[PDB]
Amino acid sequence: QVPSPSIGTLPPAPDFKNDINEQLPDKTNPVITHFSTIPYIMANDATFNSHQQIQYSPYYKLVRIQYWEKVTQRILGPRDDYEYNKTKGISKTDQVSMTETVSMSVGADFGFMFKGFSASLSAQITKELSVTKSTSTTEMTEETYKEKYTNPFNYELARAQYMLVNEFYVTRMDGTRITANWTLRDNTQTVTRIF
């Protein structure tokens, strides 16, 4: 039988458990949250030609994984500040792969850009993945930047921030990966934990 990805529920970001010193997990367990079936004419397959797609993979699966990445964690002394690295967006290789395999890319607004034949299925695919159609005219980059936090209180405070990470990948009808996982770090979706 044609396989079906197991859909999961993304749990809430890790939190503090009555401890100031508890190290919080760096990543949380990846959970398949969505997928969407696409015709073979949209999936340029590096090891499959037109003919064998038609008889062996007339459809492909576009899968969405989600998990929480720990952006940073730190204890701060009364009223102390500090800086940390924070990464947003999707890598350059990952955007070239997505555009070359399924004719898609991520725009500067975290939406999706649909190119070629892929444009006919935009409404289906944005719905089934629960992502939105981009209105941007430039592609998202990956950017690692510095972010400062100042402890506002006059007591010691642990603080950890988590970001929502997406991973996307395409798959033959029988389930064989034809790609690596394309990573998109959504910095508009962070959870902050203090104790």
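Each residue number is its position in the shown sequence, starting from 1.
Undergrad: If you take the mean CA temperature factor per stretch, which one wins between 112-120 and 73-81?
TA: Looking at the record's C-alpha B-factors, the answer is 112-120.
Undergrad: Would you tell me which stretch averages the higher CA B-factor in the PDB entry, 2-10 or 184-192?
TA: Going by the record's values, the stretch with the higher mean is 2-10.
Undergrad: Reading the B-factor column of the entry, which of 169, 149, 155, 60 has the highest value at its C-alpha atom?
TA: Of the candidates given, the C-alpha B-factor peaks at 155.
Undergrad: Would you mind checking which of 126, 136, 144, 33 has the top Cα temperature factor in the PDB entry?
TA: Answer, based on the entry's C-alpha B-factors: 136.
Undergrad: Is the Cα B-factor recorded for residue 132 in the lowest, middle or highest third of its chain?
TA: Middle third by C-alpha B-factor.
Undergrad: By its CA B factor, does residue 48 count among the lowest, middle or highest third of the modelled residues in the chain?
TA: As the PDB entry reports it, the C-alpha B-factor of residue 48 lands in the highest third of its chain.
Undergrad: What third of the chain, by the recorded C-alpha B-factor, contains residue 68?
TA: Middle third of the chain for residue 68's C-alpha B-factor.
Undergrad: For residue 140, does the deposited CA B-factor place it in the lowest, middle or highest third of the chain?
TA: Tercile = middle for this residue's CA B-factor.
Undergrad: Sorting the chain's CA B-factors, does residue 174 end up in the lowest, middle or highest third?
TA: For residue 174, the deposited C-alpha B-factor lands in the middle third.
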